[PDB]
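Comments concern the structure below.
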Amino acid sequence: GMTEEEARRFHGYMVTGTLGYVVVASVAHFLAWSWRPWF
Amino acid sequence: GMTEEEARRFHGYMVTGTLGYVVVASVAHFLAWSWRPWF
Amino acid sequence: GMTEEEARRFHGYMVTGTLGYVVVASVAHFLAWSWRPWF
Amino acid sequence: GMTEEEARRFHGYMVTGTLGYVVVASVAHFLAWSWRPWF
Amino acid sequence: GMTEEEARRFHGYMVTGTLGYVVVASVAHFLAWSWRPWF
Amino acid sequence: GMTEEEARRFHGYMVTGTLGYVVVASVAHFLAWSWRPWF
Amino acid sequence: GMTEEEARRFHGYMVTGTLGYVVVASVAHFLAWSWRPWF
Amino acid sequence: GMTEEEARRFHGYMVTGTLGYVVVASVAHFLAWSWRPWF
Amino acid sequence: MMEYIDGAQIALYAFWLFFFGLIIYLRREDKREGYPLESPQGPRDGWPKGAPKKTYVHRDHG
Amino acid sequence: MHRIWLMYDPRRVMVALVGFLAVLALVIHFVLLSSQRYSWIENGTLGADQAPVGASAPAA
Amino acid sequence: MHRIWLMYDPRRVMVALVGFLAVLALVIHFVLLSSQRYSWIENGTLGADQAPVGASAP
Amino acid sequence: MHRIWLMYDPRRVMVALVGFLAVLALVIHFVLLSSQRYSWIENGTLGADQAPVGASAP
Amino acid sequence: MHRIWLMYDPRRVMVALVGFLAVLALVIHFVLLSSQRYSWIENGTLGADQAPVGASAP
Amino acid sequence: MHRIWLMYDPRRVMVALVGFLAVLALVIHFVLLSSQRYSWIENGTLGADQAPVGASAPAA
Amino acid sequence: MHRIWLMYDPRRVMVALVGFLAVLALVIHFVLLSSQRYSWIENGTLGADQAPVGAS
Amino acid sequence: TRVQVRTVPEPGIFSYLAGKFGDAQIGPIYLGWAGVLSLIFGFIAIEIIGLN
Amino acid sequence: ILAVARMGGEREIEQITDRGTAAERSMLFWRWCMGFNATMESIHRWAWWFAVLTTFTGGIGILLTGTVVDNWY
Amino acid sequence: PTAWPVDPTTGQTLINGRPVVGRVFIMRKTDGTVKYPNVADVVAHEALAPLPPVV
Amino acid sequence: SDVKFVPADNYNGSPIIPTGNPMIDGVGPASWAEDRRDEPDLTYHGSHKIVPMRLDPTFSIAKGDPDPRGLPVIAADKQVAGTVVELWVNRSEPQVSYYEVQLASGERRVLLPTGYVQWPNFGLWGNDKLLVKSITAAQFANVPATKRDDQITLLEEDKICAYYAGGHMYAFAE
Amino acid sequence: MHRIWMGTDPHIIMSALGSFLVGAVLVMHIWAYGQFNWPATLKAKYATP
Amino acid sequence: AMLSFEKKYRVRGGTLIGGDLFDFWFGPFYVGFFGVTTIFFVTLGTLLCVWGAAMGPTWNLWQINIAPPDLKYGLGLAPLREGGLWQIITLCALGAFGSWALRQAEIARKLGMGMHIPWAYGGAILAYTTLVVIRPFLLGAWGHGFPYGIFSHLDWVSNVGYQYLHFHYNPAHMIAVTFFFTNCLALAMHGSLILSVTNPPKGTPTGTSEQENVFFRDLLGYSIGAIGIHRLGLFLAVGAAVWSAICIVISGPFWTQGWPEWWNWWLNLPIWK
Ligand SMILES: CCCCCCCCCCCCCC(=O)OC[C@H](COP(=O)(O)OCC(O)COP(=O)(O)OC[C@@H](COC(=O)CCCCCCCCCCCCC)OC(=O)CCCCCCCCCCCCC)OC(=O)CCCCCCCCCCCCC
Ligand code: BCL
Ligand code: BCL
Ligand code: BCL
Ligand SMILES: CC[C@H]1c2cc3[nH]c4c(c3C)C(=O)[C@H](C(=O)OC)c4c3nc(cc4[nH]c(cc(n2)[C@@H]1C)c(C(C)=O)c4C)[C@@H](C)[C@@H]3CCC(=O)OC/C=C(\C)CCC[C@H](C)CCC[C@H](C)CCCC(C)C
Ligand SMILES: COC(C)(C)C/C=C/C(C)=C/C=C/C(C=O)=C/C=C/C(C)=C/C=C/C=C(C)/C=C/C=C(\C)CC/C=C(C)/C=C/C=C(\C)C(=O)O
Ligand SMILES: COC(C)(C)C/C=C/C(C)=C/C=C/C(C=O)=C/C=C/C(C)=C/C=C/C=C(C)/C=C/C=C(\C)CC/C=C(C)/C=C/C=C(\C)C(=O)O
Ligand SMILES: COC(C)(C)C/C=C/C(C)=C/C=C/C(C=O)=C/C=C/C(C)=C/C=C/C=C(C)/C=C/C=C(\C)CC/C=C(C)/C=C/C=C(\C)C(=O)O
Ligand SMILES: COC(C)(C)C/C=C/C(C)=C/C=C/C(C=O)=C/C=C/C(C)=C/C=C/C=C(C)/C=C/C=C(\C)CC/C=C(C)/C=C/C=C(\C)C(=O)O
Ligand SMILES: CCCCCCCCCCCCO[C@@H]1O[C@H](CO)[C@@H](O[C@H]2O[C@H](CO)[C@@H](O)[C@H](O)[C@H]2O)[C@H](O)[C@H]1O
Ligand SMILES: CCCCCCCCCCCCO[C@@H]1O[C@H](CO)[C@@H](O[C@H]2O[C@H](CO)[C@@H](O)[C@H](O)[C@H]2O)[C@H](O)[C@H]1O
Ligand SMILES: CCCCCCCCCCCCO[C@@H]1O[C@H](CO)[C@@H](O[C@H]2O[C@H](CO)[C@@H](O)[C@H](O)[C@H]2O)[C@H](O)[C@H]1O
């Protein structure tokens with residue numbers, strides 16, 4: 001399987017990858033909102 | 001199965017996860033209510 | 001399977017949760033009735 | 001299976017639940033009757 | 001199977017229960033007849 | 001189940017509660033009669 | 001379940017709590033009667 | 001599977017492949033935009 | 001009289017009650033082999049609980 | 001007559017009886033509910049003289 | 001009459017009873033809900049004299 | 001009363017109950033949402049006297 | 001309350017919970033998106049005074 | 001928080017997550033491309049004052 | 001970041017990726033090809049001001 | 001396939017047993033009284049249809 | 001059954017009375033494919049009821065037609 | 001009444017007296033389909049019932 | 001070890017990995033019903049259902065078909081594994097259940113279920129050798145043995161069929 | 001008279017009687033409100049025209 | 001959870017694409033690479049169906065109707081609200097059904113089974129592909145596919161039949177129906193024989209292969225054998241779907257008149273013209 005150390009190492013990549021993806025999506029929504037707001 | 005220590009340790013994350021999710025939902029509902037109330 | 005001690009312990013949780021659920025449903029019906037009575 | 005001692009103990013709860021259920025149902029019917037009689 | 005001694009005991013309940021059912025059905029027909037006769 | 005001495009003790013309270021209930025109900029009926037007599 | 005010792009303690013608090021409830025309700029009804037009497 | 005050293009070697013080509021693909025697509029999009037913009 | 005209720009609707013719900021009763025029966029029969037299930041949390045029966053294992057007697061030639 | 005329970009297992013017969021009566025009761029109720037005379041959910045509050053009656057002979 | 005719980009497994013019968021009551025109640029509620037007189041979700045606030053009634057004999 | 005949990009495994013009952021309540025809640029909400037009077041997503045802001053009522057007797 | 005995680009394996013409950021919430025969220029969004037009042041992709045920029053309301057009682 | 005990766009195999013949570021996001025992204029694009037206001041392939045060049053807005057029928 | 005290839009044997013990921021991109025590219029082209037604005041096989045020679053717009 | 005066995009004395013203890021499984025006769029295709037009458041009645045039905 | 005015939009799966013009565021590996025593989029294929037399985041006996045009950053219910057439900061549909069409902073649309 | 005009022009100065013549609021930014025359209029479900037209320041409504045759109053046969 | 005396999009890892013749905021030789025241990029597609037009754041299958045009249053054909057002179061080859069006895073058996077690695085000595089027949093539904101092969105290397109006779117064998121042209125022509133696609137000629141040496149050589153138990157039938165069933169996955173495994 | 005209680009569970013007896021009294025009291029009040037024109041006269045006294 | 005004999009069988013191997021990467025279980029279900037692609041296509045296709053319901057007139061299960069495009073769109077992808085959504089769902093369906101067959105092949109390989117089940121299921125995929133791909137392509141428009149709706153596709157079947165005035169006269173349809181009816185008889189017969197030897201009347205020995213062979217021979221006048229009845233059932237059930245695929249693909253692409261007047265060739269045989 002994996003150790004806590006390997007789990008903790010993977011978790012760091014997973015958390016940062018998730019937040020990075022959410023940042024890119026946040027900018028995409030900013031662009032979409034500027035083009036054609038939905039509210 | 002779990003030890004009861006692991007049950008306690010898991011339960012604390014579960015409470016905070018449930019709470020944080022309910023908080024986000026509560027803000028989401030109040031945004032929706034302010035824009036277009038359903039009652 | 002359960003000892004009768006385990007059964008009596010679980011019964012306390014089971015009855016309490018049932019009555020807690022029925023109480024929340026009572027408040028839901030109080031709110032629903034105050035909004036739009038069905039009789 | 002059941003002993004005959006358990007069977008009589010069980011029957012006491014089964015009768016008392018059956019009586020409670022019939023009580024609730026008969027109240028429900030008299031509420032329904034007072035609102036909209038079917039004869 | 002069962003003995004003739006058990007069969008006699010069961011039969012006594014079965015006859016009494018059958019006759020009880022027919023008696024209750026008789027009252028239901030008395031009530032139905034006085035509500036709306038079919039002849 | 002309940003023994004004879006338990007039953008003997010139980011019966012004393014049971015009669016007392018029943019009489020107390022009927023006393024309260026009698027006062028309720030006297031008040032009701034003095035307010036809106038029904039015969 | 002409770003011993004007769006626990007029951008004898010529990011009963012005294014239950015009786016006292018019930019009396020406090022009925023007393024406070026009695027004040028509530030006296031105020032309500034003086035505000036909008038219903039007979 | 002492959003060693004970590006092989007993984008670092010393979011990953012280098014995978015970046016340049018991806019980058020070259022993204023470059024060609026970026027030119028393809030700007031050609032398409034120049035011909036017939038979609039916003 | 002009853003407008004919305006009609007005999008074809010009555011018959012159809014009678015079939016549905018029979019049919020779900022039959023599916024329950026068949027799933028009990030499906031569990032006469034291989035059950036109860038093994039699991040990390042202990043044995044599991046699923047639902048409905050299976051019918052028991054069935055013993056066959058063969059024609060005596062002795 | 002009690003000997004008939006040697007002939008048939010009462011644990012079988014009791015289930016069969018309850019099933020027979022439950023079906024028969026539902027059949028009779030729904031037959032009546034489908035009739036005009038006895039459609040009691042819609043017309044149960046009509047008095048017996050007000051209740052429908054099927055067509056009589058014209059004596060032609 | 002308690003010997004019915006020796007004649008049959010109470011665990012099984014009690015589930016059968018719960019299933020019977022479940023289906024019977026749902027049948028009666030849905031029959032009433034699709035009637036005219038007792039379609040209580042749409043018309044439950046009508047008074048008893050305002051509620052629909054089936055046609056009499058002519 | 002607690003001996004009911006000797007007849008039935010409480011782990012199994014709670015799954016059965018949670019599944020029952022989920023289905024029952026969804027059925028009741030969909031029934032109401034299908035109605036005229038309680039189509040609350042379209043009409044929930046109507047006052048109680050403005051909300052639809054089914055037809056009376058004539 | 002952590003007692004519950006000795007009766008049920010967390011790994012199984014979290015799978016059940018994720019599945020239930022994913023489906024429930026998708027149900028509610030599609031129901032709203034199918035309505036007139038909350039078809040927000042076409043009409044989300046209307047003000048609350050401008051949004052559709054279902055028909056009242058006559 | 002990282003002990004979640006002791007409960008579940010990261011190699012297949014990551015597959016399930018990537019698959020979920022791919023489904024969700026495609027669903028949202030097809031929903032928007034089905035709409036009138038966000039039919040961006042046919043109407044993306046319209047300014048926001050010309051973009052469609054859905055309304056109910058006038059209740060005259 | 002290279003360690004993703006220790007989790008996922010790259011010889012397989014390339015084949016899945018190529019497959020996914022091939023299908024995705026085809027779907028996008030067919031969506032465009034049968035739109036009114038971008039049916040380039042029939043109308044590709046129209047100037048940007050002559051190209052259709054899906055005004056309601 | 002294509003290594004068929006062929007059994008000269010009777011299988012069931014190509015060819016087929018003449019014998020009994022208790023009340024059941026083995027060998028001929030079983031009709032009995034109900035089968036014979038079924039074929040007579042059914043033949044007349046087929047004849048009436050075809051002649052019409 | 002043809003997929004396990006190499007392992008004696010077509011001898012279904014033996015596989016019912018004395019479960020072999022052919023029965024076990026048959027059960028595991030369907031359990032792994034669609035999440036539930038029958039047994040070598042009970043698959044024949046599923047078969048029996050599906051055939052029987054074809055003509056039984058059919059007959060009820062005919063008896064209802066023209067007697068209870070005259071226009072099914 | 002098939003379209004909302006238009007402000008003649010701006011050309012904007014007015015919904016409940018207040019302007020909408022955008023080109024307003026009336027929403028409808030796929031191809032304008034509407035659920036059939038009941039048999040009586042379906043029959044109200046048909047021809048009358050056929051006359052009795054000539055026997 | 002007495003355990004035939006261990007989990008690949010500690011996660012719930014993970015595969016098992018055999019410890020020893022899986023064809024011999026009976027793991028994966030090489031496994032058999034280990035609880036199966038160790039007695040012969042019987043005919044309706046109570047005789048042994050599956051028997052070598054010499055034990056019942058009622059049975060013969062159909063006169064058009066080749067008798068396989070004497071032919072060489074060719075294993076998956078294209079070696080000769082042996083020659084067919086005898087046929088075993090099912091007396092309830094008359095067919096050849098097993099060929100019996102005397103091994104070319106060594107001395108033992110082993111059973112070979114039909115349906116793992118095939119003819120070079122599926123019987124159409126050239127029927128001069130038998131093909132066994134599933135196992136190599138060395139693996140023929142370990143085919144499970146019946147405790148008598150005129151009779152086979154239901155357990156022995158399962159073990160033999162399971163050995164050839166495992167071959168497609170494991171015959172060339174390291 | 002007390003011999004009737006022998007063999008019973010007192011909590012079962014109090015549950016049975018408790019159920020019956022709640023049921024009977026509720027039925028009697030639902031009935032009495034229809035007959036006595038109360039609380040209808042109360043509501044009319046405080047209603048706004 | 002696992003069957004009491006199952007754990008022994010859960011080995012690696014027999015996959016087609018993914019190697020060991022997806023070679024695992026999730027509850028009872030085997031995953032594998034085509035498990036992953038299955039769930040992808042199933043989820044996408046189902047959510048687009050729910051979207052088609054949402055933009056349609058009702059949520060009533062029976063009345064939901066995601067229709068194909070108008071014939072004017074030919075073999076192009078129509079606008080999504082005009083029937084392009086039906087076209088995306090059709091691609092998802094093909095992806096799901098193909099993935100399901102390949103996943104079954106991995107499961108059969110892992111258990112040492114023959115490939116009979118994947119290939120049998122291929123008969124159903126062929127019939128679906130004929131209805132939504134091959135026949136629409138030969139007619140030149142995807143709009144010839146059937147709509148996705150529990151009763152609205154029966155309206156399509158009705159109207160396609162009457163496009164040929166009297167579809168019962170379609171000769172391939174007559175064969176396909178005969179296979180379907182013969183299959184159902186054969187299933188009742190085989191199911192009854194196995195059950196009646198394994199469940200004899202109370203107080204009777206368990207039956208034998210010889211008894212079902214005797215009875216079956218009285219029913220049909222020949223003995224089919226244990227493998228033969230399963231070959232027959234597979235032949236009848238799959239042959240029904242194959243003749244179904246033929247009967248619909250000849251209607252329109254190859255024959256365009258009423259089906260009754262196809263029989264004119266039989267009336268004009270020269271022995272009796
Ligand atoms: C129930 C009380 C009321 C009763 C009255 C009304 C209903 C009457 C029918 C009752 C049938 C039993 C229901 C039940 O609880 O089953 C549990 C069992 C699971 O296997 P098990 O052996 O019993 O248990 C093992 C398990 O508990 C522990 O192992 P593990 O932990 O590894 O398992 C993971 C679990 C999680 O459990 C679940 O997820 C339960 C899911 C139940 C889904 C039912 C959906 C029904 C509505 C669909 C609406 C549609 C949604 C799209 O187990 C699983 O992974 C689940 C494996 C089963 C997968 C089933 C796939 C779909 C089956 C067909 C669906 C119907 C198609 C028409 O699952 C099954 O066996 C389901 C399939 C059996 C029925 C197939 C019938 C097909 C009839 C087709 C003809 C229709 C003609 C009109
Ligand atoms: C273990 C305790 C016993 C029991 C012992 C008592 C006692 C002792 C008293 C009552 C009283 C009553 N009980 Mg109790 N009762 C039991 C179970 C029940 C059940 C049931 C669903 O099983 C019901 C419907 C009832 C119903 C009733 C009412 C008729 C009445 C008061 C209202 C009420 O219900 O409050 C409670 C609501 C519930 C849902 C029941 C829960 C249990 C509670 C705690 C019982 C009430 C105790 C009460 C506050 C004690 C006051 C003492 C004063 C000296 C009067 N009992 C259980 C089995 N019940 C009182 C009475 O006779 O008034 C006429 C009373 O003095
Ligand atoms: C016209 C009617 C009269 C009036 C007439 C009377 C009379 C007469 C009496 C009372 C009594 C009471 N009244 Mg009053 N009362 C009026 C107006 C009010 C108002 C107000 C307007 O805000 C309030 C707060 C109250 C409050 C109260 C209580 C203090 C008391 C009952 C106590 C009890 O046990 O409650 C128990 C109930 C609750 C705790 C439920 C509260 C529910 C809340 C609002 C919602 C909770 C939601 C949440 C999600 C639930 C979670 C559950 C957990 C998760 C398990 N009254 C008006 C003016 N009232 C009685 C009394 O004094 O008893 C001693 C009494 O006799
Ligand atoms: C335009 C035509 C109509 C239509 C009109 C009907 C009618 C009318 C009927 C069916 C019936 C059936 N239809 Mg439909 N059907 C249509 C469209 C379809 C479609 C489709 C894809 O569109 C399908 C798959 C079906 C399928 C079916 C079956 C489910 C069902 C017959 C079951 C059965 O086994 O019968 C075959 C089995 C039998 C007939 C039983 C025979 C048993 C007896 C004992 C055999 C005796 C043999 C005898 C001894 C041999 C000698 C005889 C002499 C030579 C004379 N229909 C459309 C809508 N359909 C039947 C049904 O049940 O309806 C509810 C029915 O009556
Ligand atoms: C579960 C539903 C399915 C079903 C089941 C089913 N059918 C069955 C059975 C079962 C389980 C039988 O056991 C029974 C049977 O025998 O099967 C072989 C039968 C049967 N299903 C039949 C047909 C059939 N089943 C159909 C359908 C179905 N069967 C459903 C799909 C259909 C369709 C689709 O239309 C048909 C046509 C028969 C083959 C058979 C019943 C045979 C029967 O009743 O025969 C009666 C007799 C005659 C017709 C007369 C024959 C006359 C001879 C040809 C004359 C020759 C001369 C004669 C010798 C003269 C007399 C001299 C005397 C001295 C002898
Ligand atoms: C029509 O409108 C409708 C649709 C109806 C409206 C409704 C919509 C709804 C309901 C939406 C819900 C959305 C949702 C809900 O949660 C959405 C949730 C989304 C989430 C959580 C996204 C998460 C993304 C995470 C990413 C991308 C992670 C990337 C990680 C990377 C790259 C690192 C990998 C690891 C490495 C490299 C380390 C190896 C080293 C190792 C091993 C070592 O060193 O050992
Ligand atoms: C057409 O008509 C239509 C429209 C359909 C209308 C008609 C509808 C009808 C007929 C409806 C009928 C409804 C009904 C009928 O009875 C409804 C019955 C409802 C019921 C019974 C609800 C019960 C709920 C109980 C709950 C929620 C319990 C929760 C328990 C909790 C939280 C504790 C769990 C345990 C813990 C935490 C720890 C344990 C200890 C351990 C492990 C330890 O110590 O080890
Ligand atoms: C409008 O129309 C209709 C509706 C028809 C009109 C009619 C309405 C009707 C009929 C109404 C009837 C109402 C009614 C009838 O009875 C109402 C009855 C009300 C009652 C009984 C209320 C009782 C309240 C009791 C309380 C609050 C007690 C609290 C006690 C506490 C807090 C202490 C707990 C114990 C301790 C601390 C000891 C632990 C020691 C331990 C463990 C140890 O020592 O070991
Ligand atoms: C209708 O409109 C709708 C469709 C609805 C709108 C929505 C659309 C959506 C949601 C789109 C989503 C798009 C998307 C999302 O992620 C798209 C993601 C795209 C991506 C990631 C593309 C990546 C491409 C990478 C390539 C090509 C790499 C090539 C590598 C090469 C050539 C080198 C190989 C290695 C070598 C040679 C070395 C061997 C050495 C070895 C072995 C050694 O040395 O050992
Ligand atoms: C691949 C992950 C996503 C990258 C997406 C690009 C945008 C986000 C910024 C990435 C910047 C670097 O991001 C950071 O990388 C380091 C390693 O370099 C990760 O570090 C991780 O692995 C290292 C060892 O390698 C551990 O000691 C550490 O505990 C763990 O968190 C961090 O968890 C991440 O936060
Ligand atoms: C789609 C909307 C979803 C909204 C969900 C909102 C959930 C909000 C967070 C609560 C749930 C997760 O649980 C929360 O995880 C964070 C992750 O940083 C933990 O965060 C903290 O603890 C962990 C573990 O020691 C540290 O590694 C971390 O750096 C620290 O910030 C919190 O202690 C825990 O309470
Ligand atoms: C709604 C209620 C009013 C109408 C319905 C009345 C239903 C019938 C109630 C009958 C109750 C008493 O019924 C009577 O019970 C006794 C035991 O108590 C049964 O007696 C049973 O056990 C005794 C021994 O214990 C045997 O000797 C006897 O043969 C056996 O039947 C009687 O056979 C039955 O007649």
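Ordering of the structure tokens sets the chain letters (A, B, ...); residue numbers start at 1 within each chain; ligands are numbered from 1 in the order shown.
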task = Mind running a least-squares superposition of chain B onto chain H over all the C-alpha atoms, in order, and reading off the RMSD?
result =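 Computed on C-alpha atoms only, the RMSD stands at 0.2 Å.
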message = Please identify all protein, DNA and RNA residues within 6 Å of ligand 9, counting only C-alpha atoms and all ligand atoms, and report them as a ChimeraX atom specification.
response = /H:6,9-10,13-14,17-18,21 /N:25-26,29-30 /O:28,31
Residues from last step as file, N, CA and C atoms, as a compact mmCIF listing (two decimals), in the first residue's frame:
```txt
# COMPACT_ATOMS: atom_id res chain seq x y z
N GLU H 6 13.44 6.89 -15.68
CA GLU H 6 12.70 6.75 -16.93
C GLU H 6 11.48 7.67 -16.96
N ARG H 9 12.64 11.08 -17.82
CA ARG H 9 12.98 11.15 -19.24
C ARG H 9 11.73 11.21 -20.12
N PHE H 10 10.77 10.32 -19.88
CA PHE H 10 9.54 10.31 -20.66
C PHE H 10 8.77 11.62 -20.51
N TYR H 13 9.64 14.54 -23.01
CA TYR H 13 9.00 14.47 -24.31
C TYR H 13 7.51 14.79 -24.24
N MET H 14 6.84 14.32 -23.19
CA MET H 14 5.41 14.56 -23.04
C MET H 14 5.09 16.05 -22.93
N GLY H 17 5.82 17.47 -26.53
CA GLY H 17 4.71 17.06 -27.37
C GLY H 17 3.45 17.87 -27.11
N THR H 18 3.06 17.97 -25.84
CA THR H 18 1.90 18.76 -25.45
C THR H 18 2.05 20.22 -25.87
N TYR H 21 1.66 20.57 -29.61
CA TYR H 21 0.24 20.44 -29.93
C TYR H 21 -0.54 21.71 -29.58
N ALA N 25 -18.26 18.69 -17.27
CA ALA N 25 -17.91 19.74 -18.23
C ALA N 25 -18.68 19.59 -19.54
N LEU N 26 -18.74 18.37 -20.08
CA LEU N 26 -19.49 18.14 -21.32
C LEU N 26 -20.98 18.41 -21.15
N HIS N 29 -21.56 22.28 -21.10
CA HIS N 29 -21.43 22.85 -22.44
C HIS N 29 -22.62 22.48 -23.33
N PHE N 30 -23.04 21.22 -23.33
CA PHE N 30 -24.20 20.85 -24.14
C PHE N 30 -25.49 21.52 -23.67
N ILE O 28 -16.29 18.17 -32.15
CA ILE O 28 -16.27 19.62 -32.35
C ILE O 28 -16.40 19.98 -33.83
N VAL O 31 -20.00 19.38 -34.95
CA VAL O 31 -20.87 20.44 -34.43
C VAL O 31 -20.77 21.68 -35.30
```
ask   = Contacts of segment 111-113 of chain U at 9 Å or less, counting only C-alpha atoms, minus same-chain residues fewer than 4 places along, as a PyMOL selection string?
value = (chain Q and resi 2-6+25-26+28-29) or (chain S and resi 28-30+165-169) or (chain U and resi 9-10+14+106-107)
task = Grab me every residue within 9 Å of ligand 8, counting only C-alpha atoms and all ligand atoms, and send it over as JSON, numbers by chain.
result = {"G": [2, 3, 5, 6, 7, 8, 9, 10, 11, 12, 13, 14, 15, 16, 17, 18, 19, 20, 21, 22], "T": [22, 25, 26, 27, 28, 29, 30, 33, 39]}
Ligand 1: which residues are within 8 Å, counting only C-alpha atoms and all ligand atoms? Reply as a PDB file with C-alpha atoms, in the first residue's frame.
```pdb
ATOM      1  CA  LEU I  17     -48.247  -6.245  -6.422  1.00  0.00           C
ATOM      2  CA  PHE I  19     -44.996  -9.059  -9.789  1.00  0.00           C
ATOM      3  CA  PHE I  20     -42.954  -7.438  -7.014  1.00  0.00           C
ATOM      4  CA  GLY I  21     -43.971 -10.368  -4.821  1.00  0.00           C
ATOM      5  CA  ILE I  23     -39.288 -10.766  -7.813  1.00  0.00           C
ATOM      6  CA  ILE I  24     -38.830 -11.111  -4.041  1.00  0.00           C
ATOM      7  CA  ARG I  27     -34.310 -13.350  -5.328  1.00  0.00           C
ATOM      8  CA  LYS I  31     -29.491 -17.026  -2.708  1.00  0.00           C
ATOM      9  CA  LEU I  37     -21.581 -13.227   1.651  1.00  0.00           C
ATOM     10  CA  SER I  39     -17.072  -9.184   3.802  1.00  0.00           C
ATOM     11  CA  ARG I  44     -23.781 -10.207   4.895  1.00  0.00           C
ATOM     12  CA  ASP I  45     -27.151 -11.509   3.656  1.00  0.00           C
ATOM     13  CA  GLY I  46     -28.246  -8.656   1.366  1.00  0.00           C
ATOM     14  CA  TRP I  47     -31.969  -8.343   0.784  1.00  0.00           C
ATOM     15  CA  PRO I  48     -34.242 -10.293   0.691  1.00  0.00           C
ATOM     16  CA  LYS I  49     -32.597 -12.814   3.023  1.00  0.00           C
TER      17      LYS I  49
ATOM     18  CA  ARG M  12     -19.026   2.709   2.517  1.00  0.00           C
TER      19      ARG M  12
ATOM     20  CA  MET Q  34     -24.259  -6.771 -13.490  1.00  0.00           C
ATOM     21  CA  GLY Q  35     -23.887  -7.014  -9.703  1.00  0.00           C
ATOM     22  CA  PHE Q  36     -26.275  -9.885  -8.940  1.00  0.00           C
ATOM     23  CA  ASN Q  37     -26.681 -13.519  -9.922  1.00  0.00           C
TER      24      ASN Q  37
ATOM     25  CA  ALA U   1     -18.960  -8.398  -0.278  1.00  0.00           C
ATOM     26  CA  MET U   2     -18.160 -11.734  -1.923  1.00  0.00           C
ATOM     27  CA  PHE U  26     -16.165  -2.228  -6.822  1.00  0.00           C
ATOM     28  CA  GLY U  27     -18.585  -4.152  -4.644  1.00  0.00           C
ATOM     29  CA  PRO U  28     -19.795  -7.024  -6.811  1.00  0.00           C
ATOM     30  CA  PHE U  29     -18.938  -5.237 -10.065  1.00  0.00           C
TER      31      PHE U  29
END
```
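Between chain J and its sequence-identical counterpart chain N, the C-alpha RMSD after optimal superposition is 1.2 Å.
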query = What residues in chain P have any atom no more than 12 Å from chain S when counting only C-alpha atoms, and can you write them as a PyMOL selection string?
reply = chain P and resi 1-16+20-21
message = Which residues are near ligand 3 in this structure, taking near to mean any atom at most 6 Å from a ligand atom and counting only C-alpha atoms and all ligand atoms? Format them as a ChimeraX atom specification.
response = /C:20,24 /G:21,24-25,28-29,32
request  = Pick out each residue of chain N that DSSP on the backbone tags as strand (DSSP E); I need them as a VMD selection string.
outcome  = chain N and resid 52 to 55
